[PDB]
Amino acid sequence: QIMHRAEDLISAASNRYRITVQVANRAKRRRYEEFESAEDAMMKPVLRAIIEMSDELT
Amino acid sequence: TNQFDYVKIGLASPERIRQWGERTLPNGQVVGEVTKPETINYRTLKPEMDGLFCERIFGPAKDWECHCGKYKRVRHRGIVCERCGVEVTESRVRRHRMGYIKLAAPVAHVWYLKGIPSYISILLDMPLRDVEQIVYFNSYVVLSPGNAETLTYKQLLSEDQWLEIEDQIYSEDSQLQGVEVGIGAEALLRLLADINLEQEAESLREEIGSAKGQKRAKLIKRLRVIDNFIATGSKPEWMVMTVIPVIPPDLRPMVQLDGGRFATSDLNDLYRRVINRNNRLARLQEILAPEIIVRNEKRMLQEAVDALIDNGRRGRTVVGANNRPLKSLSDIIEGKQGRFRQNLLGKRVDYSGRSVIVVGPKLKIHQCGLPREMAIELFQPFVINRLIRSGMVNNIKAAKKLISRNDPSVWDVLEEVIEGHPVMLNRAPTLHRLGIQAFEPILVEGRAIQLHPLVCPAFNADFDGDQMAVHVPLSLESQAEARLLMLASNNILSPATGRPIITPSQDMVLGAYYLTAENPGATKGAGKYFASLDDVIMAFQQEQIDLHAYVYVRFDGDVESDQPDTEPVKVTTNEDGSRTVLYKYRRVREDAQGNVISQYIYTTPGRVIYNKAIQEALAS
DNA sequence: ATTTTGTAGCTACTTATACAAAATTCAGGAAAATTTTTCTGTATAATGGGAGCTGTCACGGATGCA
DNA sequence: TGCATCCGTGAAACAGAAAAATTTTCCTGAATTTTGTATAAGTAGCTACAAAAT
């Protein structure tokens with residue numbers, strides 16, 4: 001689940017920083033790109049970013 | 001960030017000081033200087049035109065408005081006023097201009113002077129009460145010329161002696177030596193400025209090898225300064241100074257107060273003082289008053305200056321209408337409250353909210369209560385955004401208004417804005433990193449913050465009235481790492497020690513205790529038998545057994561019992577797999593039967609709960 | 001069998017132009033008027049202030065020393 | 001010279017004057033509309049008219 005994904009995400013990746021930031025900017029793009037595509041009000045671009053980086057990417 | 005790399009601490013030579021306020025204009029004639037100590041006019045309130053708030057040298061307080069007038073709009077910007085020479089440039093140009101005072105007398109920087117090493121002295125090789133005398137007009141010095149005769153160099157003529165130096169007058173033999181009797185810093189000046197120093201750190205270093213068991217400390221010191229100076233471009237003379245910078249006015253702001261009264265700033269005060277003293281003194285030499293006034297005078301000036309720099313340093317702490325020591329330049333950037341330490345490492349941000357605190361049962365961990373009142377404001381904008389997204393709100397003021405109307409959205413949209421959006425909580429200033437973590441803001445009614453027990457220890461909270469404080473993160477990136485790495489879930493254990501820190505702590509322990517204890521006499525459902533399914537449970541709601549009641553339970557897994565028993569006891573040697581064997585807890589079937597076909601555990605029906613409860617929470 | 005369609009047509013007929021001085025006002029100037037700010041004097045004689053505060057430290061210095 | 005003390009840290013005058021200012025006036029001047037006013041056609045009208053569809 002996203003929670004365990006969020007865990008697995010950084011349970012087997014680069015510096016926990018290093019990750020984040022790239023999670024971050026990603027979502028940044030996930031927000032910039034697809035700007036207000038699917039409302040996303042619920043699945044924050046960050047959340048997206050995470051899942052698509054903690055499961056999709058994995 | 002990419003504007004500069006390193007800073008360059010140092011001193012401000014009189015050119016650089018006067019280079020803090022030139023504001024030369026296209027009429028071509030320089031300014032930045034202030035010829036008046038007074039502040040805004042009495043009739044109107046405008047800033048004189050050469051006082052502590054002269055616009056034309058700091059800037060038009062009224063955005064694009066030549067103090068003269070004629071222009072009251074950005075339209076007139078680069079263009080200035082002929083008549084006033086006001087530099088029309090909005091108003092933020094102030095708070096940064098600086099201006100300065102040509103000094104009618106030099107002043108040995110308090111800092112270099114009464115300093116721990118009194119560098120001045122360190123370089124003058126002359127202790128205080130001697131060089132300290134020289135300022136303060138209190139003695140004299142021979143001067144290099146003054147002592148070219150019987151006089152001995154750096155001999156303090158004080159005054160009586162100095163007069164005796166005037167005695168034995170040149171009307172007699174000899175007395176052809178020179179002058180510069182050091183009554184004032186004006187001479188300490190050319191002391192400094194006298195000396196060369198390339199010889200120091202080498203010709204002086206001649207010593208340093210020698211005098212093996214000599215003072216040593218003295219010298220090397222005296223070096224390292226010197227050396228330093230020469231190493232930098234520092235000529236000691238720069239230390240005394242001659243012209244004074246001046247704070248962009250508004251930082252010494254001064255302000256109309258509603259009731260009409262005004263908010264004077266000690267800055268302009270110290271200042272203005274030294275102005276007078278100065279001017280006046282110039283008028284004293286202008287009127288060629290007999291010294292001892294003018295002398296006195298300088299002395300004063302001197303320390304007016306001084307106090308400005310640093311009140312209370314040396315002479316008598318100035319005490320104005322504030323009915324207390326004033327607040328010199330130094331001290332506003334010093335102490336516990338020097339600029340540094342409190343506005344600067346500790347500023348005082350918004351997007352926050354405090355409150356009392358209260359246990360938030362029902363609400364799980366990694367969540368927080370949140371009152372509705374505060375949650376709005378914290379989230380203010382974000383929400384309005386969502387308005388406009390949903391379109392319900394058109395402009396903002398639209399929103400604004402609607403926000404106060406608490407339309408359905410206000411308590412509907414919001415919380416969609418909100419979840420996901422971590423928040424950070426903190427119980428008072430907290431060194432510990434875990435002292436503050438990330439949290440999911442869930443709305444809640446009254447006004448407290450709900451709060452989870454498991455996290456309580458970390459923050460160390462009572463609930464006797466503590467309070468906490470909230471902040472909220474913005475960039476999205478900054479959200480990320482809330483989640484990612486402060487989210488109060490994921491931090492279980494003390495960073496100071498692998499130990500966990502979440503730990504069910506009180507009563508909840510004793511729940512568990514009491515759950516799992518071992519009431520003696522346990523009879524109801526004691527010595528009973530069970531086989532998975534959580535059977536025994538059912539029995540429990542049907543009280544088939546007692547919460548506290550030893551009973552066999554089919555469980556093929558492992559115990560741990562405490563009080564290990566591993567070895568058998570009283571194996572039941574009968575038939576197939578019937579060694580079948582006891583244990584202080586177990587009871588089991590190996591041999592022919594198999595390996596462990598039987599597996600009844602001697603455990604109370606609580607403990608089974610517990611075990612269960614974990615269990616399922618854990619894997620599945 | 002009138003009517004609407006016409007075509008071959010204009011004339012009336014009316015924008016359009018552009019100028020245009022005339023208004024017609026406005027701004028700035030200039031005073032000038034005056035109000036407010038400054039400046040200066042003052043004659044018996046007069047000749048050192050105020051305060052208090054009195055409970056850490058340290059250190060390095062502490063030169064100062066005996 | 002280690003061993004004093006001992007810096008000072010982290011916690012109400014005035015009248016007389018004048019001169020300023022300033023400031024109201026002006027005025028004025030110009031600059032700036034509007035309107036008059038042409039202006040000039042072209043015109044889009046419009047008004048009969050005519051044959052051929054009710």
# chains A, B, ... in the order shown; residues from 1 in each chain; ligands from 1
$ select_by_dssp --residues "chain A" --states "alpha helix (DSSP H)" --output "ChimeraX atom specification"
/A:2-11,16-32,45-51
$ residues_around --residues "stretch 26-30 of chain D" --least-positions-apart "2" --cutoff "10 Å" --atoms "only C-alpha atoms (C1' of nucleotides)" --output "NGL selection string"
(:C and (26-31)) or (:D and (24 or 32))
$ write_last_selection --atoms "C-alpha atoms (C1' of nucleotides)" --output "CSV table (one decimal), in the first residue's frame"
chain,number,residue,atom,x,y,z
C,26,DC,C1',-6.4,75.0,-16.0
C,27,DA,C1',-2.0,75.5,-13.9
C,28,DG,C1',1.5,78.0,-12.4
C,29,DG,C1',3.2,82.3,-11.1
C,30,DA,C1',3.4,85.4,-9.1
C,31,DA,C1',2.4,87.8,-5.7
D,24,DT,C1',-3.6,83.3,-1.2
D,32,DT,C1',-6.5,72.1,-24.6
$ closest_residue --among "B:483, B:336, B:129, B:96" --to "residue B:251" --atoms "only C-alpha atoms"
B:96
$ closest_residue --among "D:11, D:43, D:53, D:6" --to "chain B" --atoms "only C-alpha atoms (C1' of nucleotides)"
D:11
$ interface_residues --of "chain B" --to "chain D" --cutoff "12 Å" --atoms "only C-alpha atoms (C1' of nucleotides)" --output "MDAnalysis selection string"
chainID B and resid 114:116 312:314 335:336
$ select_by_dssp --residues "stretch 259-395 of chain B" --states "strand (DSSP E)" --output "VMD selection string"
chain B and resid 262 to 263 352 to 355 358 to 359 367 to 368
$ decode --residues "stretch 380-428 of chain B" --atoms "N, CA and C atoms" --output "compact mmCIF listing (two decimals), in the first residue's frame"
# COMPACT_ATOMS: atom_id res chain seq x y z
N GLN B 380 -5.51 29.27 4.84
CA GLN B 380 -6.22 30.22 4.07
C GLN B 380 -6.07 30.19 2.60
N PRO B 381 -5.12 30.37 2.16
CA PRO B 381 -5.12 30.67 0.81
C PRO B 381 -5.40 29.44 0.12
N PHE B 382 -4.65 28.47 0.44
CA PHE B 382 -4.80 27.31 -0.36
C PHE B 382 -6.21 27.11 -0.63
N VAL B 383 -6.99 27.34 0.37
CA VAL B 383 -8.33 27.10 0.05
C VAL B 383 -8.76 28.05 -1.00
N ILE B 384 -8.46 29.30 -0.86
CA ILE B 384 -9.20 30.10 -1.79
C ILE B 384 -8.88 29.64 -3.13
N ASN B 385 -7.66 29.28 -3.30
CA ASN B 385 -7.36 28.69 -4.54
C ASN B 385 -8.42 27.72 -4.86
N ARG B 386 -8.61 26.77 -4.02
CA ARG B 386 -9.54 25.79 -4.52
C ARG B 386 -10.79 26.43 -4.86
N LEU B 387 -11.02 27.56 -4.32
CA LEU B 387 -12.28 28.01 -4.75
C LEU B 387 -12.19 28.17 -6.19
N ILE B 388 -11.35 29.07 -6.49
CA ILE B 388 -11.35 29.44 -7.84
C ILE B 388 -11.29 28.28 -8.75
N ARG B 389 -10.60 27.22 -8.31
CA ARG B 389 -10.55 25.97 -9.11
C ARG B 389 -11.98 25.49 -9.34
N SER B 390 -12.70 25.18 -8.26
CA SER B 390 -14.12 24.76 -8.37
C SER B 390 -14.91 25.85 -9.10
N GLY B 391 -14.36 27.07 -9.18
CA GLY B 391 -15.03 28.17 -9.90
C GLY B 391 -16.07 28.85 -9.03
N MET B 392 -16.63 28.13 -8.05
CA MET B 392 -17.63 28.71 -7.13
C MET B 392 -17.24 30.16 -6.83
N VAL B 393 -15.98 30.39 -6.47
CA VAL B 393 -15.49 31.78 -6.20
C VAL B 393 -14.82 32.31 -7.46
N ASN B 394 -15.05 33.59 -7.78
CA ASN B 394 -14.49 34.17 -9.03
C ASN B 394 -13.20 34.94 -8.72
N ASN B 395 -13.30 36.06 -8.00
CA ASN B 395 -12.16 36.86 -7.75
C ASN B 395 -11.76 36.41 -6.43
N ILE B 396 -10.80 37.03 -5.87
CA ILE B 396 -10.59 36.57 -4.58
C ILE B 396 -11.49 37.26 -3.64
N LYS B 397 -11.53 38.56 -3.69
CA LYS B 397 -12.33 39.22 -2.71
C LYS B 397 -13.63 38.53 -2.63
N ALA B 398 -14.09 38.06 -3.77
CA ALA B 398 -15.19 37.16 -3.75
C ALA B 398 -14.96 36.16 -2.71
N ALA B 399 -13.94 35.37 -2.91
CA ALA B 399 -13.63 34.40 -1.90
C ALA B 399 -13.59 35.06 -0.57
N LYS B 400 -12.69 35.99 -0.42
CA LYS B 400 -12.48 36.52 0.89
C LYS B 400 -13.77 36.58 1.58
N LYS B 401 -14.65 37.30 0.95
CA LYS B 401 -15.89 37.53 1.60
C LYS B 401 -16.49 36.22 1.92
N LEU B 402 -16.73 35.41 0.88
CA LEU B 402 -17.36 34.07 1.06
C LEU B 402 -16.67 33.30 2.18
N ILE B 403 -15.34 33.39 2.25
CA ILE B 403 -14.58 32.63 3.29
C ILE B 403 -15.17 32.98 4.65
N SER B 404 -15.32 34.27 4.93
CA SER B 404 -15.89 34.72 6.23
C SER B 404 -17.34 34.24 6.35
N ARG B 405 -18.04 34.10 5.22
CA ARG B 405 -19.45 33.62 5.24
C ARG B 405 -19.48 32.12 5.57
N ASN B 406 -18.32 31.45 5.55
CA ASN B 406 -18.25 30.01 5.89
C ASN B 406 -19.26 29.25 5.03
N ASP B 407 -19.26 29.52 3.72
CA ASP B 407 -20.16 28.77 2.80
C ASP B 407 -19.90 27.27 2.97
N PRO B 408 -20.82 26.38 2.56
CA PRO B 408 -20.57 24.94 2.63
C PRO B 408 -19.10 24.67 2.30
N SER B 409 -18.67 25.06 1.09
CA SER B 409 -17.26 24.86 0.68
C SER B 409 -16.33 25.17 1.86
N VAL B 410 -16.46 26.35 2.47
CA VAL B 410 -15.51 26.73 3.57
C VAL B 410 -15.27 25.51 4.47
N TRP B 411 -16.32 24.75 4.80
CA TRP B 411 -16.16 23.52 5.62
C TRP B 411 -16.33 22.27 4.74
N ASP B 412 -16.26 22.42 3.42
CA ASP B 412 -16.38 21.28 2.47
C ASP B 412 -15.11 21.24 1.61
N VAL B 413 -14.84 22.30 0.85
CA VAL B 413 -13.64 22.35 0.10
C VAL B 413 -12.51 22.13 1.03
N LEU B 414 -12.52 22.86 2.10
CA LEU B 414 -11.32 22.95 2.85
C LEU B 414 -10.78 21.63 2.92
N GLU B 415 -11.51 20.88 3.54
CA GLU B 415 -10.87 19.66 3.79
C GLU B 415 -10.85 18.86 2.59
N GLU B 416 -11.10 19.39 1.49
CA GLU B 416 -10.25 18.62 0.64
C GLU B 416 -8.94 19.25 0.48
N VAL B 417 -8.81 20.51 0.74
CA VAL B 417 -7.51 20.98 0.48
C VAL B 417 -6.56 20.34 1.37
N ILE B 418 -7.02 19.85 2.47
CA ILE B 418 -6.20 19.77 3.60
C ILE B 418 -5.54 18.44 3.72
N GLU B 419 -6.23 17.38 3.51
CA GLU B 419 -5.60 16.17 3.85
C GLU B 419 -4.42 16.01 2.97
N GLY B 420 -3.59 15.10 3.31
CA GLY B 420 -2.40 15.07 2.55
C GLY B 420 -1.56 16.22 2.97
N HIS B 421 -2.04 17.06 3.69
CA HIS B 421 -1.09 18.08 3.62
C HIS B 421 -0.47 18.25 4.93
N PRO B 422 0.60 17.65 5.18
CA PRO B 422 1.12 17.52 6.49
C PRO B 422 1.25 18.81 7.17
N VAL B 423 1.53 18.76 8.44
CA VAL B 423 1.60 19.92 9.28
C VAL B 423 2.62 19.70 10.32
N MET B 424 3.22 20.69 10.83
CA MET B 424 4.16 20.34 11.81
C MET B 424 3.77 20.85 13.12
N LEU B 425 3.87 20.02 14.16
CA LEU B 425 3.48 20.46 15.54
C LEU B 425 4.71 20.56 16.44
N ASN B 426 4.69 21.44 17.45
CA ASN B 426 5.84 21.51 18.39
C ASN B 426 5.39 22.04 19.75
N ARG B 427 5.84 21.38 20.83
CA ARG B 427 5.50 21.84 22.20
C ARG B 427 6.61 22.79 22.68
N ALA B 428 6.46 24.10 22.45
CA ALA B 428 7.45 25.10 22.92
C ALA B 428 8.79 24.91 22.19
